[PDB]
Each structure stands twice: as structure tokens, then as C-alpha cells.
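Visitor: Right, I'll just put the structure down here and ask away after.
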Amino acid sequence: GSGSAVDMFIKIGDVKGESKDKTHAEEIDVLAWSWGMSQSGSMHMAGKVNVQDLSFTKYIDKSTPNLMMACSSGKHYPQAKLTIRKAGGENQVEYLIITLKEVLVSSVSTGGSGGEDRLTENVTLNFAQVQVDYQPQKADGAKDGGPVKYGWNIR
Amino acid sequence: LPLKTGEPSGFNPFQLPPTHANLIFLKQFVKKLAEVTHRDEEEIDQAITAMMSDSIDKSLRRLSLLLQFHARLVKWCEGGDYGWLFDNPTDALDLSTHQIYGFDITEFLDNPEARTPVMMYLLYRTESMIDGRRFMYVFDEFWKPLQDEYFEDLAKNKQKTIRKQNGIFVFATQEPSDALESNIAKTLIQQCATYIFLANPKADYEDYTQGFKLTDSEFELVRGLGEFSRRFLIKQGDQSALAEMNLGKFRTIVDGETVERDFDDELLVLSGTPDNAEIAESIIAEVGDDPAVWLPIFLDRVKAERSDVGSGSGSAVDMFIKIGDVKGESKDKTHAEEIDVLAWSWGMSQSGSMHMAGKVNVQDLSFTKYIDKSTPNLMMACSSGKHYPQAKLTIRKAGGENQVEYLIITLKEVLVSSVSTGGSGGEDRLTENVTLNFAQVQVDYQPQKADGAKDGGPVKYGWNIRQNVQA
């Protein structure tokens, strides 16, 4: 077989990676994802939520000073798109698709002081509207589909 | 005694035995210049003996003046030949503890000046000093230092003297055009007892049956031997056969074990050039004369490095600097030996949104180095707020140590504002930090691929940070 590895690729505008995998042909590839949702208006003391900005750790893309010019200029990319499949096979069911709109870069990491010898870069972003498509991520290869969604706004 | 800098890569003469300094300086001068008035050169030898009779071995100016009243001119030059016969001691007899040495003939390619008088005097020294043990004198490309019948008369008289005194001569030279072109080599072949056809290289043939008197089958074998198996053919007396050194032989302890091919201590014989350079540099900086008291651990280090990699030198990291007076400890082409830095970690952030011309994020930029050498210049630039004219730093991942750097970043008008220093009982190597601002970033991020490909051209972020959004 091919092993046991998750399958995650993303495009955000003309930002692209140096990845060489089977489904990651110079795609952006990530090592960590970090965003959760929160709604402080709950009775335990419409869309009134606490602010939640998105974040991740990615492998090194070929367009990083373009991202820094986007940060210092306020330039957003109009769309970010993700596909994440569970481990067990690279060409399995696309267990998750994510679509992000008005994708402005919030932060970059990893270059400067001596804290990270070879570590991947955290990048944080903001948004206007995000929607996902979840296929059932059972610990399997070929598994039943049917996307369950949410699409949600910055409001 | 290999080719090196202008240290003693040769051996000199005593130059003042007043019964034989005349003949020593006469032969040394004629083999140094090879062209005189041919009148009262013994008076020149006696006058330079009386002039060097102050204590010993005076300046080249005094030597050339006493010799005159092109050899004087080239001794005044001394280009790469500090081991000549004048103003020096005999480094060969400073090896009287272990009289085992040899010469890189790269300087002794230049007859008559560097080649002839040092070699003729040292052959005189080793031949006249009959220590009673065996003697061995080995040659390769004999004809370039030896262009005079002086060596033929030497081989007739003093070589036959030391032939009863355990002396042997090992002429392992090149292709036989060299030997057939010198009648001195013909006289030597008339006294050379055995002949080793070590290889069949690119070499001139079919006069090789002349003088040596090979048969057709013998000449067929010495041409069909080859040079890569490193086996040979041997003729002595009037007879010959194919032979070898058993380079495939190995320690057959029980039933035929691991084929070590006797490769341990063969690196002395093989002499691989970067490992020879490492062992030679560590020995030469270690001790002047070279007994094998530090050599076994150097052989174990050479075996470990050769089993690791052949001249790899890591090729994994590159993080180096030059900020005013400091510089890098760089294995890359940029700097050398001074200061390494730790790693690559900083960024910038933005909290705002335009999607329901950036935001002002008051930030500093920082960097961590190791223990410094140029402490007070950085101290002055830190306290006074002095902007260095540049701060250049080199970043490159694995994929080669001499490749183009993955990010070359020069910050501009680097005022210095804080440096963390430290120290402890456990501070084997203190790291320190500069956290600072400046006028301009000049980031040059090259999107170099993993295989050494640099598609495409590097992306620059060369913008003012001081009071301006950076494009």
C-alpha cells in the first residue's frame, strides 16, 4: 500500500507551494489547523458572536513577500479553498471541503530570532463568509458521502 | 615535505666545513644557476665562507653580495621555496629521529633553481652518511630535475659506493619516452636490476622491447595488463612473470570472513586527497616533525569521516550575518569563523479588517546570536542609537552549503535599541539578542526548490518600516 497519511490541499489566490505529492502538485500544504467558533451570548451567567479569526500552520510557499505586501497594503485574496481527507489513502473520498471568502492575511511567522530551526510557518487570516462541506470522516478509505454544510458570515 | 606555503619545504646545507665548504658551495652554486666567468670560483667559495663565518647563515643580501664579490636574483626572490640551501638549516637531518621523508616535485619541476642543488646535496648527505641500515631513493619524472651528466657520474661512483652500503634506487617514473630520452636512464637501466611493469597506461610502446628485450608474449602481456586492476608484471635477471599484491585478499579467519581487503592502513598507501589534506593539516598544525603518536586517532577519524560522507560538510543549514563590525561563522562563501546565530523566528501581524492601506502595528524586530567577539562596537551602537549602514544576513535550508541563499535580508539604517545578555554557571555558550528597529527591510526571499532549482526569481520586500506602510 501507500501508507497512512491525511490528504490536505488549499489554494488562496496565486499563492502556491513547493509540494510534490500526488494530490499536492505545488499546492499549498499545511501541518496544523487552528480555528474554533465561540458565542459568548449564552444563558449560563441572531448571529451575535464573539470575534473568531482563522489560523493555521503551513509549509513554505513561494510567495511570502507577496503575502507581506498584502498585509502591509491590506490586500485580500478573494477565495481560499481546502480539501482534507482522513488518513488511510491519498486518493480517497474528499472528506472535507472548505471555502473562505475575502481572505485577508492577518499574520505571518517564522523568520527572525532563533526560536525555530526548521519549523513550518503559522499564518493567520480573516474572512467575510466561510462555508464547509463535510463528508463522513470515519476511520476508513472508501466511505459513504453526502456533504453536510455550514455557511456563515462575519455579520 | 609537500607543497605548502613558504615554510621549510626543503633542507639546506651546513655551508661551512672549511675543508669541504668550498666543494659544497661550488656544487651548490653550479646546480643553483647552471653560467659564470669560469675563473677562480674557489675564491668566491672561500670569500662567501669567510663572510658566512660570522656565526652562520646570514641574510640573502649578504649571501648574494659575497657570492657576486641569476641564482643571486632568484634567491632574492624566494618565491615559494624557503627550503633552499641558503640561510636555513637541513630539515632532513632534523628528521634524524626518523629519516623517512619525500618531496613534492611541484617546485622541483623548475630546474635548475629549485630542483637541482637541494636534491643533489641531500643525496650527497644520505649517501655519505652510511648509517649501516638500508637506504631507499625513489624517483618519478626523473628527467626534469636531472638534466646533467653530473647525475650519471654520481650514479657511476657514489651509487656504486653505497651499493655495498645497502642503498637501493626505485625509479618508478612515467611512460618510457622519459627514460629513452635520457642516456642517464640508459646507464641506470644498465645498472637497474629488476623491472616492474606496474600498469599498461597511456604510454608509448614498441621501443619497450628495445633495451628491456621483451619477447612477443612478454610484450603482449605488459600491454594487455591494464591499469585499473593495479596488478603488475615483474622481470629480474632474465626472467619475468605476472604478479600482484593481492588487493582482493582479506582476513580469512574461520572459513573466509568479512572482506576487509586490508583496507585499514591502506589509506596511507591510497592517500585520498581531501582526507590527506585533513590528516596533513591536523598533523602539521599539531607537531612539526611527525611521529605516529597522534596518527592512529587521525586514522580512526578519517575512517569515521570516510564511512560518513566524502566532503559533505553538512549542507543542511545556513544562517549567518554581518552587522557593522560582526560577521558570520559561515561555511558558505559569505563569511568565516566568527559568530553563528541560532535560527529564524519573527513575523508581523494585522488585526483589522476591510472586508465586512493597512493597520499600524507597533512592532520591533529581533534576532538571536551566540557569544560575541565584537562586543563593544555593538555596545556603542546600542547605547548611542547608531545606525549601522547595513545589516546583512544569509538564510538557506538544506540542499547545499554553497548554493544561493534561500533568503538574503539586509536591513537598512539599523539603529540598535536592546540587547539581552546573560550568563550562568551552566553557560557553556551564551546567546544574546538584539531587538531593534531600522529604516528599511530588504528581504530577498528566493523560492528555491528542493533539488537546487530556483524557480522563480527571488521576491523582494525592500520597504521602509520606520514610519511607513511597506507596500
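If you read the protein sequences in the order shown, they are chains E and D.
If you count by the entry's author numbering, then the first sequence holds residues 826 to 870, 876 to 985, one letter each, in order.
If you count by the entry's author numbering, then the second sequence holds residues 496 to 529, 534 to 568, 584 to 870, 876 to 990, one letter each, in order.
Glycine residues also receive a C-beta, built at the ideal position from the N, C-alpha and C atoms.
Going by DSSP, what residues sit across from D:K749 in a beta bridge?
Guide: According to DSSP, which records beta bridges pairwise, D:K749 is partnered with D:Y709, D:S754.
Visitor: Using C-beta distances below 7 Å, list every residue in its chain close to D:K931, excluding the 5 sequence neighbours before and after it, in chain order.
Guide: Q909, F957, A958, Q959, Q961, listed in sequence order.
Visitor: Under the three-state reduction of DSSP, which class applies to E:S893: helix, strand or coil?
Guide: Three-state DSSP puts E:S893 in coil, outside helix and strand.
Visitor: List the residues of chain D that E:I984 touches, going by C-beta distances under 7 Å, in chain order.
Guide: Going along chain D in sequence order, the residues near E:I984 (Cβ under 7 Å) are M870.
Visitor: Note down, in chain order, every chain D residue with its Cβ under 8 Å from the Cβ of E:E852.
Guide: Those within 8 Å of E:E852 in chain D number zero; the least Cβ separation is about 15 Å.
Visitor: State buried or exposed for D:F568, treating a residue as buried only when at least 16 other CB atoms are found within 10 Å of its CB.
Guide: D:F568 should be labelled exposed.
Visitor: Can you check whether the C-beta of E:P895 is within less than 7 Å of a C-beta belonging to chain D?
Guide: Interface residue, yes.
Visitor: Tell me which residue opens and which closes the alpha helix (DSSP H) that D:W590 is part of.
Guide: It spans 585–591 - the alpha helix (DSSP H) in which D:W590 sits, taken as one unbroken run.
Visitor: Skipping 5 residues on each side, what residues in its chain have a beta carbon closer than 6 Å to that of D:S937?
Guide: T954, listed in sequence order.
Visitor: According to the neighbour-count rule (16 or more other Cβ atoms, all chains shown, within 10 Å of its Cβ), is D:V879 buried or exposed?
Guide: It counts as exposed.
Visitor: Using beta carbons (cut-off 7 Å, strictly below), is D:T940 in contact with chain E?
Guide: No, no contact with chain E.
Visitor: Among residues of its own chain, excluding the 5 on either side of D:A699, which ones have a beta-carbon nearer than 6 Å to its beta-carbon?
Guide: Result list for D:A699: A693, in chain order.
Visitor: Can you name the start and end residues of the alpha helix (DSSP H) that D:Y638 belongs to?
Guide: Counting along the chain, the alpha helix (DSSP H) containing D:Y638 begins and ends at 630–642.
Visitor: Please list the terminal residues of the continuous alpha helix (DSSP H) segment that includes D:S731.
Guide: Per DSSP, D:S731 belongs to the alpha helix (DSSP H) from 730–737.
Visitor: I'd like to know whether the C-beta of E:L934 is nearer than 7 Å to at least one C-beta of chain D.
Guide: So yes, E:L934 belongs to the interface.
Visitor: For D:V923, which of helix, strand or coil comes out of DSSP?
Guide: In this structure, D:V923 counts as coil in the three-state DSSP scheme.
Visitor: Enumerate, from N- to C-terminal direction, the unbroken alpha helix (DSSP H) stretches of 4 or more residues contained entirely within the stretch 763–789 of chain D.
Guide: Counting whole runs of 4 or more residues, the stretch 763–789 of chain D contains the alpha helix (DSSP H) stretches 780–784.
Visitor: Give me the residue from D:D822, D:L511, D:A585, D:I928 with the minimum Cα distance to D:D553.
Guide: For the residues D:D822, D:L511, D:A585, D:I928, the minimum Cα distance to D:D553 belongs to D:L511.
Visitor: What are the boundary residues of the beta strand (DSSP E) that includes E:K979?
Guide: Start and end: 978–983.
Visitor: Could you compute how far the alpha carbon of D:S743 sits from the alpha carbon of D:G945?
Guide: In a straight line, the C-alpha of D:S743 is about 57 Å away from that of D:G945.
Visitor: List in chain order: all unbroken alpha helix (DSSP H) runs of 4+ residues lying wholly within the stretch 789–832 of chain D.
Guide: Runs of the alpha helix (DSSP H) inside the stretch 789–832 of chain D: 809–822.
Visitor: Roughly how many whole angstroms lie between the Cα atoms of D:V736 and D:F685?
Guide: Roughly 18 Å between the two C-alpha positions.
Visitor: Would you tell me roughly how many angstroms separate the C-alpha atoms of D:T604 and D:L559, rounded to the nearest one?
Guide: About 17 Å.
Visitor: Against E:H906, what residues of chain D qualify as contacts under a CB-to-CB distance less than 8 Å, listed in chain order?
Guide: Per Cβ cutoff of 8 Å: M868, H869.
Visitor: Where does D:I703 fall in DSSP's three states?
Guide: Note: D:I703 maps to helix in three-state DSSP.
Visitor: How about D:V855 and D:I835: are their beta carbons less than 7 Å apart?
Guide: It is a contact, given that the beta carbons lie within the stated cut-off.
Visitor: Three-state secondary structure (DSSP) at D:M650?
Guide: It is a strand residue.
Visitor: Would you mind working out which of E:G838, E:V840, E:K841, E:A850 sits nearest E:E920, comparing C-alpha positions?
Guide: With distances taken between Cα atoms, E:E920 lies closest to E:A850.
Visitor: E:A857: buried (16+ other C-beta within 10 angstroms of its C-beta) or exposed?
Guide: By the neighbour-count rule (16 or more Cβ atoms within 10 Å), E:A857 is not buried but exposed.
Visitor: Just to make sure I have the definition right: I need the residues of chain E whose C-beta is within less than 9 Å of the C-beta of D:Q989. Which are they?
Guide: Neighbours of D:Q989 on chain E, chain order: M898, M899, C901, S902, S903.
Visitor: Below 8 Å on the Cβ atoms is my contact criterion, and I expect E:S943 with D:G877 to pass it. Report the Cβ-Cβ distance as a whole number of Å.
Guide: That pair is no contact at about 23 Å.
Visitor: Counting only runs that start and end within the stretch 911–961 of chain D, where is the beta strand (DSSP E) found for 3 or more residues in a row?
Guide: Runs of the beta strand (DSSP E) inside the stretch 911–961 of chain D: 926–930, 937–939, 951–955.
Visitor: Quick one: list the residues of chain E neighbouring D:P966, beta-carbon separation under 9 Å, in chain order.
Guide: Result: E843, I890, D891, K892, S893, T894.
Visitor: Which of the three DSSP states, helix, strand or coil, is assigned to E:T887?
Guide: It is a strand residue.
Visitor: Residues of the stretch 945–963 of chain D in Cβ contact with chain E at a cutoff of 8 Å, in chain order, please.
Guide: Residues passing the 8 Å Cβ filter: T950, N952, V962.
Visitor: Among D:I682, D:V978, D:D595, D:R538, whose alpha-carbon lies nearest the alpha-carbon of D:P497?
Guide: D:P497 has its Cα closest to that of D:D595, out of D:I682, D:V978, D:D595, D:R538.
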